[PDB]
Every structure is written in C-alpha cells, then in structure tokens.
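Participant: The structure that follows is given in the form of structure tokens.
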Amino acid sequence: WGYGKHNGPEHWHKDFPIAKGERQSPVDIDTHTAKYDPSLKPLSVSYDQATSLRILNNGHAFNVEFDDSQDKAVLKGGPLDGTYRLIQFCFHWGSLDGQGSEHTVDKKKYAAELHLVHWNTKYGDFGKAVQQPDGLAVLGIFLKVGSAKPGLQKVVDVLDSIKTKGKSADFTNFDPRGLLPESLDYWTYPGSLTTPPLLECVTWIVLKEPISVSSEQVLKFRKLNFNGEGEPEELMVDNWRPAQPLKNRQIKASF
C-alpha cells in the first residue's frame with residue numbers, strides 16, 4: 001500500500017478488507033450535528049517525563065517514537081477508562097496548503113494533521129492493544145498556517161536527515177507539550193487507524209483549536225521523499241486518507 005493512484009486509499013480494501021468496515025477513520029465532522037455530551041471529562045495529558053527516542057521516515061510518513069515504559073507520557077480523562085500510554089505520533093500533509101488533514105471539519109481541510117497515538121496499559125502493550133476496540137486513544141491536532149509554532153521547530157530542522165524511505169535520526173528530549181493548543185475541548189468518535197491495518201481499535205479525540213505553523217515550517221515536510229535510497233525521487237506529499245462513512249455513529253462534543 002502507499003498513497004499513489006495505483007496503490008492508494010481506493011485500493012486498500014483488497015488487502016485489508018476492513019477498509020470497508022463500520023468504523024473507519026478519518027471522518028468529516030459536521031458541527032451542525034455533533035452532540036454536546038455533558039459527561040465527557042476533561043483531558044488529563046501528563047507529558048511531564050515523556051522520552052523521545054528516534055524520528056524516522058518509514059516511507060508513508062515520518063513518526064517520532066517514544067519510550068513507553070512507566071506511566072510517564074499518559075493521556076487519561078476524556079471518554080477514557082484506564083491509562084493510555086504514549087507510543088508515537090503520525091503527521092499527514094498535502095501537496096499545497098489547503099489539503100493534508102485527514103479529518104475535515106464541515107468539509108474544511110487544514111494544512112496538516114498531527115496524531116499522538118497512545119495505547120491502553122490494561123492490555124500490556126501496543127501489540128495486544130490493537131485487536132481490541134478500546135485499545136488505542138489518538139489525539140488528532142489540526143495545523144493551520146499562521147505564525148510559527150516554536151515547539152515544532154526542532155522537528156522541521158531534523159527532517160533534512162530522514163529524507164528518504166528508511167533513514168533515522170536520533171531525537172531525544174523533544175517535549176510533546178510544545179505541539180499542543182491552548183484549549184483542550186474536543187470531539188470524540190470511535191474509529192480505526194487511518195493507515196493499513198486499518199484496525200477499528202481507536203477512540204479518537206480531535207481538538208478543536210488547531211495549532212499555527214508558519215508556511216516555512218509546513219514547506220519542510222514537503223521536501224521529504226516516499227522513495228528509498230537510490231530509486232527515483234517520489235516526493236512525499238498528500239499522505240492522507242479521505243473521510244470515510246460515518247455509519248450513523250455520533251461524534252460527541254466536550255464543548
């Protein structure tokens with residue numbers, strides 16, 4: 001699978017039949033229909049003691065991996081039960097600044113989407129968490145081009161070194177708190193991973209305030225390549241699945 005016209009999203013169903021599932025992601029959020037539910041707790045994001053390891057180009061995105069050992073970077077609260085521990089984050093962007101995000105709000109697309117992916121400790125690991133409908137909790141955060149985000153700056157400057165499918169940069173001591181918005185209100189719906197295997201195990205929490213990145217910072221994401229060392233240059237852009245059928249399903253709102 002990949003994101004091309006021949007191995008892209010419209011073909012994922014041949015190999016991961018679940019792509020045609022009851023609760024696939026992304027979806028588009030129509031606000032003039034999400035349900036404000038007076039019972040969603042706030043967010044208890046405690047990223048005090050979050051330890052990053054490496055950032056890597058895996059040929060569909062770049063991700064940054066964290067050390068998920070004691071209950072140190074954890075997401076609690078929200079629609080969640082248990083401690084969700086942090087494994088990595090995903091970043092989706094477009095071939096231009098008006099496409100890139102996976103979730104749309106009232107059909108509007110942002111310039112990018114960041115995903116911090118966490119797994120439920122009650123299942124002992126990432127491995128055994130994904131076969132369960134309550135196994136992962138993912139905060140999706142939208143990016144709009146505005147003034148720069150100082151916290152994203154270290155991410156945009158190391159990208160020179162993970163340019164091609166397969167390179168890895170060492171990247172310790174990055175603080176995921178410098179990527180978050182001011183407000184933590186959100187919309188939550190149950191869904192899948194947006195990438196193959198496309199497993200329906202995710203309670204998604206999308207944040208309503210985006211974060212401003214300057215177009216110089218978004219342009220750095222666009223210098224990266226899908227292709228591996230050697231082979232002809234396939235620029236890594238538009239690494240996003242389109243919005244999928246909601247299936248009645250309701251998106252609830254904290255606000």
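Ligands are numbered from 1 in the order shown, chains are lettered A, B, ... in the order of the structure tokens, and residues start at 1 in each chain.
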Against segment 9-30 of chain A, which residues of segment 92-123 of chain A fall within 7 Å? For each one I want the closest pair of atoms and the distance in Å (one decimal), counting only C-alpha atoms, rows by chain and increasing residue number, as CSV.
Facilitator:
```
residue,atom,partner,partner_atom,distance
A:102,CA,A:26,CA,5.6
A:103,CA,A:26,CA,5.1
A:104,CA,A:28,CA,4.5
A:105,CA,A:29,CA,4.7
A:106,CA,A:30,CA,4.6
A:107,CA,A:28,CA,6.0
```
Participant: When DSSP is applied to the backbone of this structure, which of segment 2-248 of chain A are assigned alpha helix (DSSP H)? Write them out as a list in words.
Facilitator: residues 12, 13, 14, 15, 126, 127, 128, 129, 153, 154, 155, 156, 157, 158, 215, 216, 217, 218, 219, 220 and 221 of chain A
Participant: I need the strand (DSSP E or B) residues of segment 17-224 of chain A per DSSP on the backbone, written as a PyMOL selection string.
Facilitator: chain A and resi 28-29+35-36+43-46+52-57+62-66+74-77+84-93+104-105+108+112-120+136-145+165+168-170+186-191+202-207+211-213
Participant: Compile a residue-level contact table for segment 181-252 of chain A against segment 61-83 of chain A at a cut-off of 9 Å, reporting for every qualifying residue the shortest atom pair and its distance in Å to one decimal, with only C-alpha atoms counted, rows ordered by chain and ascending number, as JSON lines.
Facilitator:
```
{"residue": "A:186", "atom": "CA", "partner": "A:78", "partner_atom": "CA", "distance": 8.7}
{"residue": "A:188", "atom": "CA", "partner": "A:79", "partner_atom": "CA", "distance": 7.6}
{"residue": "A:203", "atom": "CA", "partner": "A:79", "partner_atom": "CA", "distance": 8.0}
{"residue": "A:205", "atom": "CA", "partner": "A:78", "partner_atom": "CA", "distance": 8.1}
{"residue": "A:221", "atom": "CA", "partner": "A:62", "partner_atom": "CA", "distance": 8.9}
{"residue": "A:224", "atom": "CA", "partner": "A:62", "partner_atom": "CA", "distance": 8.8}
{"residue": "A:226", "atom": "CA", "partner": "A:61", "partner_atom": "CA", "distance": 8.0}
{"residue": "A:236", "atom": "CA", "partner": "A:61", "partner_atom": "CA", "distance": 7.7}
{"residue": "A:239", "atom": "CA", "partner": "A:61", "partner_atom": "CA", "distance": 6.9}
```
Participant: Write out, as an mmCIF file, in the first residue's frame, the residues just selected, with C-alpha atoms.
Facilitator:
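Final output, saved to out-v3.cif:
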```
data_model
loop_
_atom_site.group_PDB
_atom_site.id
_atom_site.type_symbol
_atom_site.label_atom_id
_atom_site.label_comp_id
_atom_site.auth_asym_id
_atom_site.auth_seq_id
_atom_site.Cartn_x
_atom_site.Cartn_y
_atom_site.Cartn_z
ATOM 1 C CA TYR A 186 -12.555 18.004 21.572
ATOM 2 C CA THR A 188 -14.620 12.110 20.133
ATOM 3 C CA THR A 203 -11.232 6.127 20.438
ATOM 4 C CA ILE A 205 -10.199 12.692 20.231
ATOM 5 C CA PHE A 221 7.556 18.422 5.363
ATOM 6 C CA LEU A 224 10.820 14.543 2.248
ATOM 7 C CA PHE A 226 8.356 8.411 -0.262
ATOM 8 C CA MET A 236 6.216 12.694 -0.001
ATOM 9 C CA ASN A 239 -0.100 11.169 2.796
#
```
Participant: Would you mind listing what lies within 9 Å of residue 206 of chain A as a list in words, with only C-alpha atoms counted and same-chain residues fewer than 6 positions away left out?
Facilitator: residues 103, 138, 139, 140, 141, 142, 185, 186, 187, 188 and 189 of chain A
Participant: Between A:109, A:38, A:240, A:165, which one has atoms that come closest to residue 90 of chain A, using only C-alpha atoms?
Facilitator: A:240
Participant: Please measure the separation of atom CA of residue 196 of chain A and atom CA of residue 247 of chain A, giving the value in Å to one decimal.
Facilitator: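 Taking atom CA of residue 196 of chain A as the start and atom CA of residue 247 of chain A as the end point, the length is 20.0 Å.
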Participant: Distance table requested - segment 212-254 of chain A against segment 51-59 of chain A, cut-off 8 Å, only C-alpha atoms: one row per qualifying residue with the closest atom pair and its distance in Å to one decimal, ordered by chain and rising residue number, as CSV.
Facilitator:
```
residue,atom,partner,partner_atom,distance
A:225,CA,A:59,CA,7.3
A:226,CA,A:59,CA,4.7
A:227,CA,A:59,CA,6.5
A:228,CA,A:59,CA,7.3
```
Participant: Which residue is closest to residue 251 of chain A? Choose from A:100, A:133, A:210, A:190 and count only C-alpha atoms.
Facilitator: A:190
Participant: What does the structure give for the distance between atom CA of residue 89 of chain A and atom CA of residue 135 of chain A, in Å to one decimal?
Facilitator: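 That distance, rounded to one decimal, is 15.9 Å.
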Participant: Restricting the calculation to only C-alpha atoms: of A:166, A:245, A:146, A:232, which residue gets closest to residue 214 of chain A?
Facilitator: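 Among the listed residues, the smallest separation from residue 214 of chain A belongs to A:146.
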